[PDB]
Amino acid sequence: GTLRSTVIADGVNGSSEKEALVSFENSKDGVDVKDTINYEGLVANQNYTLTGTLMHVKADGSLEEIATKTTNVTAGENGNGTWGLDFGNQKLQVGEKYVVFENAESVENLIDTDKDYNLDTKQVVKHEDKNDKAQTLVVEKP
């Protein structure tokens, strides 16, 4: 299973090649932060707990949690599709970089890990890549 993500910051999307650039003007009333999560290789019609974390990237490369959103979601027809997380309006600061991390954990056991054809382990998929520009926003200087 995989998760991929796109941050949408004041209506500006991240991409693999370019962080979402949020103008200082846009940031003055806070930054509306949403995230769309493309999942593949999950189990069709099964419930997952989806956790998104908006991380502030500090000068030393360490991360601190700004916002967290947890939803209860269901995998599609064929175990693939898109979920969303709306973090709402966030008070993000000029010159700073923020990145969205995502985790999905099946509510039930979905994996047999000991060849007895009984399910014993949850499926866990994560995307925790602070270098993924598609998940990254930067607040620009005035």
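Residue numbers here begin at 1 and follow the sequence given.
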query: Mean temperature factor over C-alpha atoms, higher-scoring stretch between 29 to 37 and 71 to 79; finding: 71 to 79
query: Stretch exceeding the other in mean C-alpha B-factor - 38 to 46, 105 to 113; finding: 38 to 46
query: Third of the chain's Cα B-factor distribution that residue 85 belongs to, per the entry; finding: middle
query: CA B-factor ranking of residue 129, expressed as a third of its chain; finding: middle
query: Entry-reported Cα temperature factor of residue 91, expressed as the chain third it lands in; finding: highest
query: Modelled-residue ranking by C-alpha temperature factor, third containing residue 55; finding: lowest
query: Residue 17, C-alpha B-factor rank within chain (lowest, middle or highest third); finding: highest
